[PDB]
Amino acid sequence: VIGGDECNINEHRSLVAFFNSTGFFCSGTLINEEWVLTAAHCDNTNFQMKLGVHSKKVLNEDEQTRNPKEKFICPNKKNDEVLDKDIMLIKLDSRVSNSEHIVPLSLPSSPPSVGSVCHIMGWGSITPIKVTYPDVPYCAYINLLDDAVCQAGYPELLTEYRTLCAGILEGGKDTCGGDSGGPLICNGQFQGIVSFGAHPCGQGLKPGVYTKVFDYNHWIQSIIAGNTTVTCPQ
């Protein structure tokens, strides 16, 4: 995250870190005691998830590590198109208990309105050009923008993709390398997943592109209920 500041230890309770032997590579959002939502492009081999993490160097005495027991992507997702249905649901191998560091964030009841203030967070780069990974997650507030802004900035962005456009029109505050899969929280509601953006980070007229969580509510709910053959909206 660029143009932000360190998150308070109490500010990111639903934030999950994805890691392998090299280190953190993605984020996710805890949506239930045993389910995590992230971007499909965060899929990897030989990885685990850390919950209740603040500092990478100084452990919280009660931070939790979990394995991906089951992974679900849209059955009607097109491979070779990274922006098509960039969403993945993961079942944890065991439940996590609630604490001041770990609490689930619920699925949204309605889509967000243009102009709403949204919260972004992650352990991604805090400098726009050089890669500078922070020890603690960084947090920033941005605006939900009209889809036309992202259309004007990204020639490859199809209107068919179910996305949200968020940032600062003129630039300056943005997600950055390593923030993939994290939450976009607008007016306290979980609305987006960090999916796509530009480098250098925070350029004017090149806002962040986020997976629109609301559209996938029925698919997510169906899988949690037990219907593993559930389809995503076209």
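Start at 1 with the first residue shown and count on from there.
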Quiz item: In the PDB record, does 91 to 99 or 75 to 83 carry the higher mean Cα temperature factor?
Solution: 75 to 83
Self-check item: Of 196 to 204 and 56 to 64, the one with larger mean CA B-factor
Solution: 56 to 64
Quiz item: From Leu164, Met121, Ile142, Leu158, pick the one with the largest CA B-factor in the entry?
Solution: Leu158
Practice problem: State the tercile, meaning the lowest, middle or highest third, of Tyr210 with respect to the CA B-factors recorded for its chain. | Solution: lowest
Quiz prompt | For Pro137, the third of its chain into which the C-alpha B factor falls | solution = lowest
Quiz prompt | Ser125 CA temperature factor, ranked by third within the chain | solution = lowest
Practice problem: Name the third of the chain's ranked CA B-factors that contains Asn10, choosing lowest, middle or highest. | Solution: middle
Quiz item: For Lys69, does the deposited CA B-factor place it in the lowest, middle or highest third of the chain?
Solution: highest
